[PDB]
């Protein structure tokens, strides 16, 4: 079963490895059986391994990498990095993928991919929807701003005439008053 058990009353914890209890104990006490070896740092631990994992940080090492094809960006921990992959490469979730090869990426939504793909072009994604113009954009919000132009009641009198039309009442005049 679980021999080792908390020494304090009420806790009730119990472990099948003295060390497990031993780390739990330090919770009650507040010991630093494994402190760091550098000033400014007062970080403590309860395992000769929870100190090491902290070491690579006092420097900024990246001994672990993202087990994936395309991305080389290494990570600080394995099980940790495992996150990235699943949040990027591993399909099932990020089904839609840019198979343009080399770029090798993916997205949760189809449209999301479509956009990206444009990065392999010369044009921008979110472009102005209307005849003529053709003006394209990146940030949709910015496009929505330009839209304010093609929105009114332009008359039809050959390319010659090409004024828009704020509103019917004002649009009519353009025809009557002018034309």
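Residue numbers count along the first chain shown, from 1.
According to the PDB record, 56-64 carries the higher mean C-alpha B-factor of the two stretches 56-64 and 111-119. Remark: stretch with higher mean C-alpha B factor among 74-82 and 98-106 is 74-82. The PDB entry assigns the greatest CA B-factor among 127, 39, 147, 31 to 39. Residues shown: 140, 152, 35, 132. Highest C-alpha temperature factor in the entry: 132.
Residue 163: CA B factor in the highest third of modelled residues in this chain (values from the PDB entry).
In the PDB entry, residue 5 places in the lowest third of its chain by CA B-factor.
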